[PDB]
Amino acid sequence: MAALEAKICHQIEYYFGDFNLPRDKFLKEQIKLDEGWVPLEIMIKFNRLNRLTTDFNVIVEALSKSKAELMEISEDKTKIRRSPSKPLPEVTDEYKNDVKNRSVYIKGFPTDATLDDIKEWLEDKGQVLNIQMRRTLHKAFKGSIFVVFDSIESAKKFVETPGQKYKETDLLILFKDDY
């Protein structure tokens, strides 16, 4: 259960996180409806969470044990929200350049690779805050992605690592800027 709970925590914390939330039109709209609270009945409509479970009890139990302490759970346990004490970061020019400086472009993945395959591949490449799978105008995966690491250090070590491959396939790795 712990493994599944960890997956649930990470997926929900990603939705309400610093990277996704500011760009999530639908979620931002929901957060305006009831002081940040979003019914779990709405949360289970989120594709990736839905695949893990739709059981409100399992979702709540999971979040209750999170270390991130990012989410709050309602008294009746049917709604969740990002803690109002954890406001979203000010998006200054410095903040954006900081983000850009730890973002990396990676080309070489097979077009049938899933977000899960890539997340698994990156597990031992450093803490990542976002994986942006680039797609064509017909929504097909291009084989290239943008990855936002936790620190410039993590990004640089990854980039400076020679001969990296996604199971046999040589990859082209460049800092977002260089791309």
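For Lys25, the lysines whose Cα falls under 21 Å of its own Cα, not counting residues fewer than eight places away in the same chain, are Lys45, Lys79, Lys86, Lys96, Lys139. Could you compute the net charge surrounding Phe26? Neighbours are other residues with a C-beta less than 13 Å from the C-beta of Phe26; K and R count +1, D and E count -1. In short, +3. From helices alone, the chain scores -10500 deg cm²/dmol at 222 nm; the rule is -39500 (n - 2.57) for each run of n ≥ 4 DSSP H residues, then divide by the residue total. Where does the Debye-calculated log10 I(q)/I(0) of the chain sit at q = 0.09, 0.11, 0.17, 0.19 Å⁻¹, using only Cα point scatterers of equal weight, no solvent? The Debye formula, applied to the Cα set alone, gives -0.37, -0.55, -1.18, -1.33. Taking a cut-off of 18 Å, what percent of all Cα-Cα pairs in the range 48-110 are separated by more than that? Value for the range 48-110: 60 percent of Cα pairs lie more than 18 Å apart. Charge tally around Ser74: other residues with Cβ under 15 Å, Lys/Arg +1 each, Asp/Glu -1 each, net -3. Highest mean packing first, where packing is the average number of other Cβ atoms within 10 Å per residue, the peptides 167-176, 8-17, 131-140, 70-79 line up as 8-17, 70-79, 167-176, 131-140. Of the cross-linked pairs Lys7/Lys28; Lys119/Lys167; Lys100/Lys156; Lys7/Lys142; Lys7/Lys119; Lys100/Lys157, those separated by over 19 Å at the C-alpha level are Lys7/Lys28; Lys7/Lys142. Computed from backbone phi with θ = phi - 60° and the Karplus coefficients 6.51, -1.76 and 1.60, the 3J(HN,Hα) list for the range 55-64 is 6, 3, 4, 5, 5, 5, 4, 4, 4, 4 Hz; x is used for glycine and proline.
Cβ sites come from the backbone with ideal geometry, for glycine too, and all protein chains shown count toward neighbours. All of the numbers you see were taken from the coordinates with simple rules; none came from a lab.
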